[PDB]
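The structure appears right after this line, and notes come after that.
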Amino acid sequence: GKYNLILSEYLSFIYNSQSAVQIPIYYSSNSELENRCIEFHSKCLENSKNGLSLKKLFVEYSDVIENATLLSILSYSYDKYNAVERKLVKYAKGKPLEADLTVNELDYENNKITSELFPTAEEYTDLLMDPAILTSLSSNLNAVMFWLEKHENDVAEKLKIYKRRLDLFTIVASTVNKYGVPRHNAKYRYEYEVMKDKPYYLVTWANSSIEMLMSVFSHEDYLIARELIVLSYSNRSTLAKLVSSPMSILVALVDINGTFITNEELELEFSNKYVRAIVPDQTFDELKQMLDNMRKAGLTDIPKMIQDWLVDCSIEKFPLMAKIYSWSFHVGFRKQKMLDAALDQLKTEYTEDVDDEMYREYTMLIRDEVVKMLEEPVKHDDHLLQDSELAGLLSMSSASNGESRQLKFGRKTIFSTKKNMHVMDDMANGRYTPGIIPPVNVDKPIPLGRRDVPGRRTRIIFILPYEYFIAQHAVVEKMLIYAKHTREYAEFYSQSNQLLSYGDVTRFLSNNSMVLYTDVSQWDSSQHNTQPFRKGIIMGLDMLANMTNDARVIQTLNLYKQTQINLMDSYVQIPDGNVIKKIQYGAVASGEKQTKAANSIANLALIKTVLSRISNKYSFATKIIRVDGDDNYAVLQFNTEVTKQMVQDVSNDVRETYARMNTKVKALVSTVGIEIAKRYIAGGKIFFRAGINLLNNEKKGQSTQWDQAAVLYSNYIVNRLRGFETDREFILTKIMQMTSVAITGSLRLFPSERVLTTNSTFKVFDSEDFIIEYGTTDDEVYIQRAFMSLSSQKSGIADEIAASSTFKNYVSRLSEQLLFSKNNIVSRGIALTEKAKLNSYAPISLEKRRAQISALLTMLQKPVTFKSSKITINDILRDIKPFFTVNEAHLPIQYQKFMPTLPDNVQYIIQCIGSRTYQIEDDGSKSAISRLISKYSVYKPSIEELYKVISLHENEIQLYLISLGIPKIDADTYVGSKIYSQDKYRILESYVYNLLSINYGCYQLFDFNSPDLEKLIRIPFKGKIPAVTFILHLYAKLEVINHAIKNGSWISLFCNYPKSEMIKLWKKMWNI
Amino acid sequence: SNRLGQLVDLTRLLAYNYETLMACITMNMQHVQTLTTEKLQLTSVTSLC
Amino acid sequence: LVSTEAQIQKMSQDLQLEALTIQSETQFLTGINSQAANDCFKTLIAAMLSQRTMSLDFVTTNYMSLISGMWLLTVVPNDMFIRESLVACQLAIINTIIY
Amino acid sequence: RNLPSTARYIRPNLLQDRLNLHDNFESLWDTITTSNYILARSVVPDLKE
Amino acid sequence: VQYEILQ
RNA sequence: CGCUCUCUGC
RNA sequence: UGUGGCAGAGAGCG
């Protein structure tokens, strides 16, 4: 309830004119007050529409000011062009900045003038520095200047923040004012004709610098920001890659004193174990060279902080490192060219000096792993291998990007890259031919996509046809669904938390063992991911083919095999001007159904093969190896105690034993820590990388101005929890500026906190961070009922595509691969399901969402609507709340910190109740009926459809099950058992279980099975209504936790809930 | 147990080369427990056997 | 020498390290390779010729290492091995295999 | 390693409590007992499985 | 229409 | 279970 | 009407 005051001050500051007028609009769920709001509205518009002073009425209608709820504020203000400079000249009295063109290796990666690199606009491209966000730099500057203006009279630590950010913003505004501000077009692009006389990389530098200086709260933050902002203006290729590299060594220097553990059964369990840090001597010399590069690039204060920290190697000063490790990735992306980014990967050194003893074992281990994965389904003759074709055609992801193509649906032309639409096209013209796999050769090389991420290389993406997916689908699904019952993969270690993705950095650590951890992200072009990998899988397929007798399965397996045959020789379309290059690349990357598990397999075989060579010089027992695609760590335990020389020699042996296979590596051995791209542990404490650029994006999505405010707030929340903290007021300023909409050149509307923070399809943020909010009042109920009525909208483009011939044909062809006695129950169902993935096509989503926003605006302008009773969640919570009773409590501190970078209130909760004892309610459609259909088919009929289908007679249900391949005897047994009344109740239990509101970012981490939280929740037991008592206890926990987060103190609760309200609520439970 | 003849062969070969290299020695080969000591990983012996 | 992958096949599949599981096991046939057989072949001969006392260093869980060590102790004498490691190997053999 | 007779080593003084701090020095014995408890917590195994 | 080649 | 977003290995 | 993906998990819509 504070946002709106900052909104008012922002409006007053930005416009400032006599002509700038401000027009509230209100609402109330109470008839009389609502009609008085209507009145107020009318009279205000009239008075505005009559050149009368508006300031007189504002006293008379005090009632609206006290009890009504705000929606929005309108604004009539004229063009007033160029006001940014007219404000900004004062905050720019320092000296501007000069680039240094002789820093980056390439020529165009320097921050030189555009015209020196792009004389013609026809060859200009903003894609090498595109912020890719529908908000301007001028917007960012306006926000910064307003913040600076309002914080112009404070005298505290706040003033030290203001002086620091003022000096930084002076450096920035000095750099911009040297030339001026670029002006956005309607699309938020920056054309050639504005950037012609300015540096090419000024905008990204500006945005990133704003993001950094808005995240300054201390002196060391100021040092970091001044030392990165002045070098990120020139260096754009060797900065985040440089400073983020030493961290991998630093983790091997932090003594553990107190630890968190994880079980095989995936539960945290703290340990007071102490572990030293047996670091060798030569890695310090490496680290010094890295700091020498750091100083040689032009960094002075931040080497000083890393060198004076090593005098003590304490863990209390250590979050600084983590802080630094996050300050590197908030400088922007290194959006270089498709060509040179591919050539970062497409440099190869293949040699006739490697072993053969290694590759043969490698091939065999891959073979064996494949057989372990595939023994059960290949043998027991599973439907999904038999019906692999249909399985892949249902699971066609509708963003999949195979080969842009000119289509026509009746009377249109479409340039879709989506493979579902391509399949719809190819079914009609007789070209659908999944058994005949296309080649990938000179006659048909592959396109590319570009994956950028700061501090690392630009990675590449294959863009394949749609036959390869269909071939790979069934086998890879059985592989995943097997190996998540098994070690060595992220599918087994993943839900949200600690006790997961790693969960065994910290069992097998002491002064007996070590751990070798290794980044393997460059190992895609390597000589060990070519021929042996493919031939190993091919051999395994031969074994598995001889391990079955049915013929569709042999066909599917032979097609997967032939896919690996064709992918063994693979060329790559890349244009360059007029001519087209195609390069020999017979190796592995993503853009495939297979890449994750197969890379994990190959790395597993590789590390298992390497690890049988250290045994020639050491005695150890391998306790654990873990592989998640392109990373790997192995722990190993010894017959004796560890030394510095053994770690060093082991590292050299690892490096040279990879060198024997012509494989580059930075071998890293340690005792307490690891480092990988996204996270790391030091001293038995998990930190994380907070490298999510807010004001600069990777690529250009398809969302609106609106939703980008929500993504930016989500990234803010994440980065804040991770450690990187930005000023929340700035984020709110951006949200209002991005939800602002131009109805004309001079009319502009601004919504309020009570529209953006309400649970709907229009939610953007929350009134109190780290807490979703619900509604006990009339008013949230009112607007939620209103907005739920409006979420359901239409798309004429979708309507005409779904009314064409190819869509009908597609449903029919899907159908005819199965039985032919259901025509109005599933064909409509499959069409309704395909509709859920036609919306991926951007113009459909844009039509629907622009229509949705227009429907919103035609009740933001004029008064509001009651929406006719359509029930939602807050209706229920409104009835649950008035039988609670609070009392002040006092919990002690008995739980350990193991995520230091969190805010102190969240940590205080962790420091008073426990971290996660994880639970499960359903691992997907478990109840009675989908685990039969998923055994005889793959089809996934929606629970709406089942809730209807069970309500029908038992005859056409019997027909429907027989139509899905099932025999008659099991249907007869199902009807005789009388389970349909049970699966009504199980399905409605599953409907209440669909409430996903346990995992938003702060509820993600808290343990609700705690005894300390539970003794506060004194709700007596009634019985025979499990859903209600479940949700009541859950909701009471959420009340306690949210009060704790927002206020720190604790409370107890009590709900002597009447039986009458249990029953009155029971019918609204299992609806909506 | 099923590497029987192979280990017979190994033992004869090993002993043969030992005696034929013993013959090319001139200093008395005397038995002492030295200060430091060569390590021997039995996995290497399993690799040999 | 014998191709390694054959021995890996029959050892791994008949011993069946994978299906024990009663640990956080992560078992695997640690070193069976070439460029260790000849390492041993040099080590043994050179130590017996030089009268260089050599020690043993193992992990008792890998009982195959001890099954090969018993061959070693059979053919190679016992006064060549330092008494502590020899005794340890014999004691692991007795407490694990024989009794 | 075999260690020679040229070598030496110093023995600690492991003479038992001459003071009887478990007889009415309760403030010190509380700290001592707490210290040994927390040390023992760092070496008791975690229930790994 | 035009292409380039590498091996 | 169908789609957008968050990052994740790519 | 000019186009940047595979799978893991967490939210928001059916």
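Don't worry about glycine lacking a Cβ; one is built from the backbone with ideal geometry, like all the others, and counts go over all protein chains shown. Only the coordinates and a few stated rules stand behind these numbers; no lab work does.
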| Cα to Cα, under 28 Å, and not fewer than 8 places away if on the same chain: which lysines meet these conditions relative to A:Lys93? | A:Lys80, A:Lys112, A:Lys150, A:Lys158, A:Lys160, A:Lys163, A:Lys178, A:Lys196, A:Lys198, A:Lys734
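For the stretch A:921-1006, report the convex hull volume of the alpha-carbon atoms normalised per residue, in Å³, without decimals. Don't skip to the end; give the middle numbers.
Numbers: hull volume 9.0 nm³, N = 86.
Value for the stretch A:921-1006: 105 Å³ per residue.
Treating only the Cβ of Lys, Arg, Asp and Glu as charged (+1, +1, -1, -1), what charge dipole size does the stretch A:83-235 show about its Cα centre? Round to the nearest 20 debye. All intermediate terms of the calculation are to be shown ahead of the outcome.
Values: 19 positive and 23 negative charges, 185 e Å.
Taking the Cα centre of the stretch A:83-235 as origin, the dipole is about 880 debye.
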| query | Based only on the alpha carbon positions, what is the Kirkwood hydrodynamic radius of chain C, in angstrom? | reply | 15.3
| note | Plugging the Cβ-Cβ distance of A:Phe866 and A:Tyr274 into 1/(1 + (r/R0)^6) at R0 = 56 Å yields, to the nearest 0.05, a FRET efficiency of 0.30
| message | Give me the one-decimal nm value for the distance between modelled label points at C:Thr21 and A:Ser8, 7 Å along each residue's Cα-to-Cβ direction. | response | 6.7
| query | Does chain B classify as rounded, prolate or oblate by the C-alpha gyration tensor (a ≥ b ≥ c root eigenvalues; a/c under 1.5 gives rounded; else a/b over b/c gives prolate, otherwise oblate)? | reply | oblate
| said: If each DSSP helix of 4+ residues adds -39,500 (n - 2.57) and the sum is divided by the residues in chain D, what number results at 222 nm, nearest 500 deg cm²/dmol? | reply: -11000 deg cm²/dmol
| field | Anisotropy class of the stretch A:332-375 from Cα gyration tensor, a/c 1.5 cut | value | oblate
| Considering only DSSP states other than H, G, I, E and B, which GluC sites (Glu not before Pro) in the stretch A:667-763 qualify as loop sites with at most 16 other Cβ atoms within 10 Å? | A:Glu698
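Could you state the orientation-averaged shadow area of the convex hull built on the Cα atoms of the stretch A:45-143, in nm² to one decimal? Don't skip to the answer; put the middle values down first.
Working: hull surface 50.9 nm².
Taking the Cα atoms of the stretch A:45-143, their convex hull projects to 12.7 nm² on average.
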| Based on the Cβ-Cβ distance from A:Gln793 to A:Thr413, what FRET efficiency comes out when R0 is 25 Å, to the nearest 0.05? | 0.50
| request: Between the alpha-carbon centers of the stretch A:562-627 and the stretch A:711-733, tell me the distance in whole angstrom. | output: 37
| task | Report, by chain and number, residues whose modeled amide H sits under 5 Å from the one on A:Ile73, excluding near sequence neighbours (fewer than 5 apart, same chain). | result | A:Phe750
| message | Could you list A:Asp63, A:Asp524 so that the one with the fewest beta carbons within 10 Å of its beta carbon is first and the one with the most is last? | response | A:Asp63, A:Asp524
| field | Label point distance in nm, A:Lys87-A:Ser812, each placed 7 Å from Cα along Cα→Cβ | value | 6.2
| At a Förster distance of 22 Å, what's the computed FRET efficiency of C:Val75 paired with C:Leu1, Cβ-Cβ distance as r, to 0.05? | 0.70
| query | Does the stretch A:83-235 classify as rounded, prolate or oblate by the C-alpha gyration tensor (a ≥ b ≥ c root eigenvalues; a/c under 1.5 gives rounded; else a/b over b/c gives prolate, otherwise oblate)? | reply | prolate
| task | At a Cα cut-off below 16 Å, give the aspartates and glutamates reachable from A:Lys699, other chains included and same-chain residues fewer than 8 away excluded. | result | A:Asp126, A:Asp130, A:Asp452, A:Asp707
| field | Computed over the stretch A:83-235: relative contact order in percent, which uses C-alpha pairs under 8 Å that are six or more apart | value | 40
| task | Starting from the eigenvalues of the Cα gyration tensor, five times each then square-rooted, give me the equivalent ellipsoid semi-axes of the stretch A:776-885, largest first, whole Å. | result | 38, 21, 10
| Overall dimensions of the stretch A:836-986 by Cα: Rg and Dmax, Å | 25.0, 63
| field | Percentage relative contact order, chain A, counting C-alpha pairs under 8 Å, at least six apart | value | 14
| field | Which of A:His473, A:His890, A:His1033, A:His219 has the fewest Cβ neighbours within 10 Å, and the rest in rising order | value | A:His890, A:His219, A:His1033, A:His473
| Gain in span if fully extended, A:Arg183 to A:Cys313, counting 0.36 nm per residue against the direct Cα distance | 41.9 nm
| query | Which whole-number percentage describes the relative contact order of the stretch A:377-439, with Cα contacts under 8 Å and a sequence gap of 6 or more? | reply | 23
| task | Kindly put A:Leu1038, A:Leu721, D:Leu3 in sequence by how many other C-beta atoms sit within 10 Å of each C-beta, fewest to most. | result | D:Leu3, A:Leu1038, A:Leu721
| remark: With 0.36 nm assigned to each residue of separation and the Cα-Cα distance removed, A:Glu956 to A:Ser821 gains 47.6 nm
| request: Run through all the Cα pairs of the stretch A:356-474 and give the fraction in each 10 Å bin from 0, expressed as whole percent. | output: 10, 29, 30, 23, 7, 1, 0
| task | Sketch the reach of a paramagnetic label on B:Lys39 as a point 7 Å from Cα along Cα-to-Cβ, and name the residues of the stretch A:648-663 whose backbone nitrogen lies under 20 Å away. | result | A:648-658
| request: Determine the calculated [θ] at 222 nm for chain A from helices alone, applying -39500 (n - 2.57) to every DSSP H run no shorter than 4 residues and normalising by the residue count; nearest 500 deg cm²/dmol. | output: -14000 deg cm²/dmol
| message | If I take the Cα coordinates of the stretch A:1-107 and project them onto the principal axes, what are the three extents in Å, biggest first? | response | 72, 30, 23
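Nearest 500 deg cm²/dmol is fine: what mean residue ellipticity at 222 nm does chain C get from its DSSP H runs of n ≥ 4 alone, each adding -39,500 (n - 2.57), divided by its residue count?
So the calculated ellipticity at 222 nm is -14500 deg cm²/dmol.
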| Between Rg and the Kirkwood Rh of the protein assembly as shown, both from Cα atoms, what is the Rg to Rh ratio? | 0.98
| task | Return the subset of A:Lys763/A:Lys794; A:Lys241/A:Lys678; A:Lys822/A:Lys926 for which the Cα-Cα distance in this structure is over 23 Å, preserving the input order. | result | A:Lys822/A:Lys926
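State the extension gain, in nm to one decimal, for the chain segment bounded by A:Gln702 and A:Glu66, taking 0.36 nm per residue of separation less the distance between their alpha-carbons.
On the way: separation 636, 0.36 × 636 = 228.96 nm, distance 4.06 nm.
Contour length minus Cα-Cα distance gives 224.9 nm.
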| message | Could you tell me the center-to-center distance, by alpha carbons, between the stretch A:204-276 and the stretch B:2-49 in angstrom? | response | 54
| query | Using alpha carbon centroids, what distance separates the stretch A:813-841 and the stretch A:957-996, in Å? | reply | 20
| remark: Of the candidates A:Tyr179, A:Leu544, A:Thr563, the farthest towards the positive dipole end of the protein assembly as shown (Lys/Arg Cβ +1, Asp/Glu Cβ -1, centred on the Cα centre) is A:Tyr179
| task | Treat each spin label as a single point 7 Å out from the Cα along the C-beta direction, and report the A:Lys80 to A:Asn293 distance in nm. | result | 5.0
| Among the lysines, which have Cα under 21 Å from the Cα of A:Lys56 when same-chain residues fewer than 8 positions away are ignored? | A:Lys43
